[PDB]
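Residue numbers (the entry's author numbering), protein chains in the order written: chain 5C, 13 to 29, 36 to 466, 544 to 553; chain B6, 2 to 207, 264 to 330; chain 5I, 1 to 159, 168 to 469; chain 3D, 3 to 168; chain 5F, 2 to 183; chain RQ, 841 to 899.
Built from N, CA and C at the ideal position, the CB exists for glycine as well.
Single-structure report; data block below.
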Amino acid sequence: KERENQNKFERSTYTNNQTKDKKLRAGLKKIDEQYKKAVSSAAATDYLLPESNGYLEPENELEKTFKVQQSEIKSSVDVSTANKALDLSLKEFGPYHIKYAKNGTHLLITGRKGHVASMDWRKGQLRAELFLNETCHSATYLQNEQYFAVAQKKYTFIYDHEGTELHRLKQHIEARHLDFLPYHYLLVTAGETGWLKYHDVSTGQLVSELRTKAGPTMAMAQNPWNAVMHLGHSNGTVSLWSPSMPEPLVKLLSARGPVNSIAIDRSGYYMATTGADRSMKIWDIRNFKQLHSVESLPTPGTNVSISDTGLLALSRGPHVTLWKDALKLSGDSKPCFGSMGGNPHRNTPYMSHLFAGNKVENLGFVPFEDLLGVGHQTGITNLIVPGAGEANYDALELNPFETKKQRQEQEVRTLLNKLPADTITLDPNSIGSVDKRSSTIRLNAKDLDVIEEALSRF
Amino acid sequence: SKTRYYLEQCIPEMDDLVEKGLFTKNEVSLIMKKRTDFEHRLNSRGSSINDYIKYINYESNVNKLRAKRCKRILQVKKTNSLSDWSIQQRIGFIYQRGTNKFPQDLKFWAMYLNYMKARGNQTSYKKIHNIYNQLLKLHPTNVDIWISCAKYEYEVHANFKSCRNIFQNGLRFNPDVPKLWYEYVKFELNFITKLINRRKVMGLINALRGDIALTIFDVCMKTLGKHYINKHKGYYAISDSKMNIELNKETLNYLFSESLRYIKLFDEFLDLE
Amino acid sequence: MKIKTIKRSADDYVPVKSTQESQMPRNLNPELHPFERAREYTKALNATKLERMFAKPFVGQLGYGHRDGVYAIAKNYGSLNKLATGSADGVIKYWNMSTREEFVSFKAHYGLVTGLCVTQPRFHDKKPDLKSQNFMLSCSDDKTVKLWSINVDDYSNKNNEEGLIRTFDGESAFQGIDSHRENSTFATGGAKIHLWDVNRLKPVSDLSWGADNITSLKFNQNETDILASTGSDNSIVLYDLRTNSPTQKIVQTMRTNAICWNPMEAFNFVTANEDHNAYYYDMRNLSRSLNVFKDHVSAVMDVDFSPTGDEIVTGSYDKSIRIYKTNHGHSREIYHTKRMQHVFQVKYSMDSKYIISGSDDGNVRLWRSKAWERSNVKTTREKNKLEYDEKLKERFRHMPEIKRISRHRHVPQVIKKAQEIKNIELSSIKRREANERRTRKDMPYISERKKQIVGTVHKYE
Amino acid sequence: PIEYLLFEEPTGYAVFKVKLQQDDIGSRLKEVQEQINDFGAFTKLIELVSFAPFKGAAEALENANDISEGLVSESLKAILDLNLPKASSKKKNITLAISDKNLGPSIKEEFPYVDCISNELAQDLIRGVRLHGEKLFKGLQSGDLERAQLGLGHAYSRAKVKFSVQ
Amino acid sequence: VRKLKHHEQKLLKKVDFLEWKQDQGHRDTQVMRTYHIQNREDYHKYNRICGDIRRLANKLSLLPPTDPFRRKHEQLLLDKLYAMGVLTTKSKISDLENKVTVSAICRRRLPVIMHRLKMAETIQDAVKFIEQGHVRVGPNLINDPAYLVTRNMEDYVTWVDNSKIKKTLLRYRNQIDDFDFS
Amino acid sequence: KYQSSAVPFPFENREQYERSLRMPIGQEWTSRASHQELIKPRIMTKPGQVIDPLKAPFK
RNA sequence: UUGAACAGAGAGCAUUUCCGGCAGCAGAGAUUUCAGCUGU
């Protein structure tokens, strides 16, 4: 009943800053008993969890972890993971924006010149290779490998599984950043116009057009927790947006200069933003505190990414550098680059790699595996990062081994339980409650000159 | 899914089995992933009684390892907590599930009965009675189950009334195999021999005869003759009197050969008259 | 340097043999499953919409009805599918509700058959053959109570002189009848309420409070020796058969059309009366109703309890029936039909799943108590989905978007217009009593549950 | 309540135990009428508790004639006395569902504590187990049921017509 | 996407992954499958032209019917749209909303007039021939199919000489002169 | 419109009412046993047999 | 409606009546488990 890992499974509630009703008293007592039983029994599943997370540990004081080479990892790990660590050398079209499907089964690469390829990177099956000879910028899958949206010269296009064009969106005028919201079925679009557009993929209907009013959108990320969009502008300002409010939900002053990249944890708690002022900044999202401010990077961080197990992958051109346990509150988790004299209270890099020829275009962790796919000027490279993936997925949220029938039925079922775009709030648990107006107690309709003293009476 | 239900029914015993400091978390996760494999193979499609049997063998092996580790770590022979009966209860439930799914392999039914009998004082003889009742309901014609049921309830419990009831019900169902007749006359001779030997013993310390065996001998001859004349010449009596007398002669040969075997294994009961 | 990656191994996740299903590993982290309020809000909304499209409650009418409108119905409380109905032209019929067809019809009387019930007649010379004969008895305004037997094909044990085994006789007319659930006894109300047993051809006892007639009668179902009756002086009288006497009566504002006792609580009953609502009364304290079920718009003609004791059905003179949860006090459901006129009798079948209504065009109709509920047997996946959806609609019940959908029905034009003028009338009298209370000194706050009792014999202390 | 079910067939006798009652009032509805066609829901109603197979085609023909003319044979007596609980004869008999309204009297003549039902509910329960057949029996009979049906039909017909091969 | 069940057709009806509201019935896709347009955005760079001429025809309708600036510019626009052959006659200014079509401004393209005067036999083979570089309008070769013609140049659509399909049709009719090198 | 207008009847304040709503009963968020305990209804009848009135041990 | 003896079912409910403690010893089945006497 005690369960040393309950507070992961606990659930916050409302507080005022007991009752005389017998029936209501016993009803609330049954509700508290059921909540305790449910938390305990849900937290006892960690016995049933099949796999264990990966790691790499130094076992010596001369053996630092950032100086461990990718060939040495590929020798030290098994043949299946060594074959997952792919490398495509696609030289002639431009730097390749990488994208993985939400289970790690499909890869979607876009060249800057025109070359968009959707493929099953772990078999050898490509299912779309289309050369759209205008400058493409980004792409994403929608709810499947079966549809993907590409952001072209101006218009965003939507292609089916084999690459036939389904849609040319006449809105979404100049996208540079696309991201799909999978529980809400919303393709979110931002770019050189100062506008943020939410487009419902299922109905086909443009849900929202929002003026950023801050020029072109330099970075864009999605909170996986509550589906609000963090856009980074040329002010050094991140703004958190929802498709209901025509104003940003929050505006944070992250950096000086512009904001080069944003990444959010999948728990929706931490956000790493890199500015062009050579400054990485780790942010608390829920309480909006600034946790860490790594200033004076040697060159501006062009990308950040956060794995499912909380690694932090920063990329500064040729270099990729990953820190472990950097998204924590304490000042001993501030990511350093060296430990001055061997200080154990300095978060040196967990591992680093140098793409010596080129400058990396973007970063993306492969979802349920221990790999980091970085797309760069001459194609794709996966890196075996051992701490970097949820070993125990849930197979009824999203399954890496899913079949054709399972894809069909899961598509219909998630389409059926698509969440409305109005339910996107800054916290997800605020659509069962009562108003923050409409008084917290329910109402019971019962509650619904001594002369002048004489001259008074006149 | 129901594999999820069974797998999370398995968790309180390993709660207790980690608290009693004999197993660790990394090895109990290994026994849970093996048990996950087995539960999924059990309640998925295309299932096999060999999947049931291998699950029972795995659960008995982890029970023996648990007993060995308990004696080596805690130096007691049972912790008198949940984790010393839960796994035998699991084996009994795997047996019950398997016999409800494939009630056709008497090898598995008899492995169930053997494990349930050999469980010892912890089981209940009415729990053995229940699975004898449903097995005899499903296989009334298979006669070795009747012999085994009555043999368990006479040669272990010495319950003469219930043993007589079992033999009379079996002879009601299949009064055609002579083996059940011979085991009934064997049981009646054993019962009357134990009766007269307890008489001799109470005499030496301090009416009811083999005529029961003779009467069941008489109805054995009559009904075995009737069932052989009904079994051979099967559909109709379309046979002339040559074939009818040939048949009746052959049933006399059959029945008299069985009575020859009756006297041949009747001579060795030499403690009564 | 030690090193370990994720080894997925493909034997645990995609099965070896093709005949068996794939493994579904679970991981109960809320990080893995993010939108836990919105996702089950949308499942509760899709459950309310699925209920509003699956609501097909009309099963079928049974037989061809009667000729002159059904004024009496009685289920038998031991068999599931048998039903006796009588009309205004004196014909009674016994029904198999499985095949929806009459076992037998009977020209029983000449007037209206004003009551009928069913019996297991405890004769002490003969033995009742209840596996092949059913027994219904029935009183009319031609001063007769007649007892009939029915040949029933429900067991195949046997292989016969069906109708009218005896004829009780009164000097004045009868108006209601109900049978005791043991000991050969019944009671008939009329010009005066008499008790009878099936052996004697005359009333055992006359149990009348005063010289005011009796319009309806119900025996209790447990504590079977407690009777209740409705008299046309707006009176509800309780009788006890140990003391062989009346017990206590109350006088209300308007006339109680019917009673039914709670089969699970043994001292609670529900009255159905002419101001358009029903009253849930405790026998041990008749000074206050313990519920009022309000949503009808004309005089409530008949009420009945679910055999689970948890909800009531209530048919009224506006041509519609209404089902009420017992703890709420407003209608959970309304059933209407352009063909159904003036539902005079409603029973709740012993399955607790179907509702029998007898209208006055002639027809007796089956309905589902839960409209969206089908009567097949269910695999565990669909049974689990259905009770998950019930719990989810229950805990999101009061959200405005799903409340406006679950609250929605199509009511006829006449009932809708009477409903809205009833609303503006009630709002006007609340406005005027608020003004009068603002001025005057001592205006007592009378409860709604007491606002309909004009008085009570044997006062409470 | 339709508690037990007796299905006669050429391989022997089967006693099933009714788990869930089907609907009585909604017995003519569409879902109730096609749940006996779906096997995944019929196995929620019916469970096999006993099957006594015959001793051969001779006892098969004897029991086919006894079932045909509505009599309880000795194998019927054995399996019913094994399977049905010793209920009372005056209060709450055990309920057996048959398909033959003139076999019912022969069953109550032998077991007075058994009331027998063959109305439309027992009829469609019986035709559910006829529709599915070999799947309900879980593998416990020798001999294919249609092959025994061919043999028993030919034997019954030649007996009824007195077919002589002379 | 799954040909949804009935409680499915009812619960969500406006879902359609294939055809949205703003597709306008996929008329761009339909007319470029008809007249076989190579790249995208040609439809909309014709539709902008159609919208511009109906907008300035609207504001020429706005101006009063007496001034020579208005009447000279509408007769000039009508004569230029006749001179590029978008129209077939010099009729009413109501035809500048009834008869100007993105279809007809595709009718003036070079492969479709080629199929019209039977130089090719299908528009696809016309685009084959003019990507292979066989034809010319007057002196100069035409490589792209986006060159639409004017009303004067439907007479000098001819192949080049040394075009071997021209040589094959000459040796078909065995009028094949070879002093003129084709 | 995704949050209720006032506090519904059986509760007295929104702390009580949101303590009712604080745990999801879904398959995805509870174990299988806890999911079954949370979704079984209060009134469980048998689908084809008669419900008789209650009888108590001597009232 | 009760009482009596008889035949039972495994389908319910208590509670300190004993056992799931240790040997010595013979017995039981295939070197492991199984079955009772004298005291802790």
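Which residues mark the beginning and the end of the beta strand (DSSP E) in which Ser279 (chain 5C) is found? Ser279 (chain 5C) -> beta strand (DSSP E) spans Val277 to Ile282.
Give me, in chain order, the residues of the same chain whose beta-carbon lies closer than 7 Å to that of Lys180 (chain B6); leave out the 5 immediate sequence neighbours on both sides. Around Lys180 (chain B6): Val144.
So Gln37 (chain 3D) contacts chain RQ; which residues on that side make the cut at Cβ distance below 8 Å? None at all; the shortest Cβ gap to chain RQ is about 11 Å.
Report back the beta-carbon spacing between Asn81 (chain 5I) and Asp26 (chain 3D) to the nearest angstrom; my notes put them in contact at under 8 Å. Yes, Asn81 (chain 5I) and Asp26 (chain 3D) are in contact; Cβ-Cβ is about 4 Å, under 8 Å.
Hey, does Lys841 (chain RQ) have any beta-carbon neighbour from chain 5I nearer than 7 Å? Judged by the 7 Å Cβ criterion, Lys841 (chain RQ) is in contact with chain 5I.
Alpha carbons only, please: which of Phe176 (chain 5I), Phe123 (chain 5I) and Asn157 (chain 5I) is nearest the one belonging to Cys139 (chain 5I)? Ranking the options by Cα distance to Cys139 (chain 5I), first place goes to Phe176 (chain 5I).
Are the C-beta of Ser844 (chain RQ) and some C-beta of chain 5I separated by less than 7 Å? Yes, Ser844 (chain RQ) lies at the interface with chain 5I (some Cβ there is under 7 Å from its Cβ).
Using DSSP bridges, identify the partner residues of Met136 (chain 5I). BP columns for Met136 (chain 5I) point to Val118 (chain 5I) and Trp148 (chain 5I).
Return the CA-CA distance between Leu77 (chain 5F) and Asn162 (chain 5C), expressed in angstroms with no decimal places. Distance from the CA atom of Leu77 (chain 5F) to the CA atom of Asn162 (chain 5C), rounded to whole angstroms, is 56 Å.
Straight-line CA distance for residue 215 (chain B6) to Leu31 (chain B6)? Residue numbering in chain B6 breaks between 207 and 264, and residue 215 (chain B6) falls inside that break, so it has no position here.
Beta carbon of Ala195 (chain 5I), beta carbon of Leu225 (chain 5I): below 7 Å? Yes, the Cβ-Cβ distance between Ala195 (chain 5I) and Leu225 (chain 5I) is below 7 Å.
Which whole runs of the alpha helix (DSSP H) in the region 30 to 118 of chain 5F are 4 residues long or more, in chain order? Look at the region 30 to 118 of chain 5F and you find these whole runs of alpha helix (DSSP H), each 4 residues long or longer: 43 to 63, 69 to 84, 96 to 99, 103 to 108 and 111 to 117.
Please list, in chain order, all residues of the same chain as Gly99 (chain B6) whose beta carbon is under 7 Å from its beta carbon, the five residues on each side excluded. Excluding sequence neighbours, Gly99 (chain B6) sits near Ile50, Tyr53 and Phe109.
Which one of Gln164 (chain 5C), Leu148 (chain 5C), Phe149 (chain 5C) and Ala169 (chain 5C) has the shortest CA to CA distance from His155 (chain 5C)? Looking at the Cα atoms, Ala169 (chain 5C) is the closest of the given residues.
Under 7 Å, Cβ to Cβ, is there at least one residue of chain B6 near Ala80 (chain 3D)? A Cβ of chain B6 is located within less than 7 Å of the beta carbon of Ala80 (chain 3D).
From this set, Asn67 (chain 3D), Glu71 (chain 3D), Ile100 (chain 3D) and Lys92 (chain 3D), which residue's C-alpha is nearest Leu82 (chain 3D)'s C-alpha? The residue among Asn67 (chain 3D), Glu71 (chain 3D), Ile100 (chain 3D) and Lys92 (chain 3D) with its C-alpha nearest the C-alpha of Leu82 (chain 3D) is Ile100 (chain 3D).
Counting contacts by CB-CB distance shorter than 7 Å, is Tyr7 (chain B6) in contact with chain RQ? Between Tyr7 (chain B6) and chain RQ, the shortest Cβ-Cβ separation is not below 7 Å.
Tell me where the alpha helix (DSSP H) around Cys268 (chain 5I) begins and ends. Bounds of any alpha helix (DSSP H) do not take in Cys268 (chain 5I); it lies within the beta strand (DSSP E) bounded by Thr264 to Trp269.
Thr396 (chain 5C) CB to nearest chain 5F CB: under 7 Å? No - not a single Cβ of chain 5F is within 7 Å of the one on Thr396 (chain 5C).
Say whether chain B6 places a C-beta atom closer than 7 Å to the C-beta of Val163 (chain 3D). Answer no: the Cβ-Cβ gap between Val163 (chain 3D) and chain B6 never drops below 7 Å.
Between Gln260 (chain 5I) and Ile244 (chain 5I), how many whole angstroms is the CB-CB distance? I'm expecting something under 8 Å. About 7 Å; that satisfies the 8 Å criterion.
Whole angstroms is fine: what's the gap from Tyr287 (chain 5I)'s alpha carbon to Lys257 (chain 5I)'s? Spanning the two alpha carbons is a distance of roughly 15 Å.
Thinking C-beta only, is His284 (chain 5I) closer than 7 Å to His304 (chain 5I)? In contact: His304 (chain 5I) and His284 (chain 5I) (Cβ atoms closer than 7 Å).
Which stretch, first to last residue, makes up the alpha helix (DSSP H) that contains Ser59 (chain 5C)? Looking at the DSSP string, the run of the alpha helix (DSSP H) that includes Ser59 (chain 5C) is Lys40 to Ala61.
Chain-ordered residues of the region 76 to 108 of chain 5F with a beta carbon less than 8 Å from chain 5I: Listed by position, the residues of the region 76 to 108 of chain 5F near chain 5I (Cβ gap below 8 Å) amount to none.
Buried/exposed call for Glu10 (chain 3D), threshold 16 Cβ in 10 Å: By the 10 Å Cβ count, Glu10 (chain 3D) comes out buried.
Please list the terminal residues of the continuous alpha helix (DSSP H) segment that includes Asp11 (chain 5I). Where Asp11 (chain 5I) is concerned, there is no enclosing alpha helix (DSSP H), given that its DSSP letter is neither H nor E.
Between which residues of its own chain and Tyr83 (chain 5F) is the CB-CB distance below 6 Å, once the five residues before and five after are set aside? Excluding residues up to 5 positions away in sequence, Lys91 lie with their Cβ nearer than 6 Å to the Cβ of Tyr83 (chain 5F) in the same chain.
Looking at the structure shown, is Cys164 (chain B6) part of a helix, part of a strand, or coil, going by DSSP? Helix, per DSSP.
Start and end residues, beta strand (DSSP E) containing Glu101 (chain 5I): Annotation for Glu101 (chain 5I): the continuous beta strand (DSSP E) segment containing it runs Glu101 to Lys107.
Taking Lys188 (chain 5C) as the query, report the chain 5F residues whose CB atoms sit under 8 Å from its CB, ordered along the chain. Those are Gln23, listed as they occur along chain 5F.
Beta-carbon separation of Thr114 (chain 5I) and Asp142 (chain 5I) under 7 Å? Their beta carbons are not under 7 Å apart, which means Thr114 (chain 5I) does not touch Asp142 (chain 5I) by this criterion.
So, is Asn40 (chain 5F) buried or exposed, given that buried needs 16 or more other C-beta atoms within 10 angstroms? The residue in question, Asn40 (chain 5F), is exposed, as its Cβ has fewer than 16 Cβ neighbours within 10 Å.
Please decide whether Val34 (chain 3D) counts as near chain 5I, where near means a Cβ-Cβ distance under 7 Å. At least one CB atom of chain 5I sits nearer than 7 Å to the CB of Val34 (chain 3D).
Is there a Cβ from chain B6 that is less than 7 Å from the Cβ of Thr387 (chain 5I)? Closer than 7 Å to the CB of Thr387 (chain 5I) there is not a single CB belonging to chain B6.
For a test of the three-state rule: what should DSSP assign to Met238 (chain 5C), helix, strand or coil? Here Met238 (chain 5C) carries a strand assignment [DSSP, helix/strand/coil].
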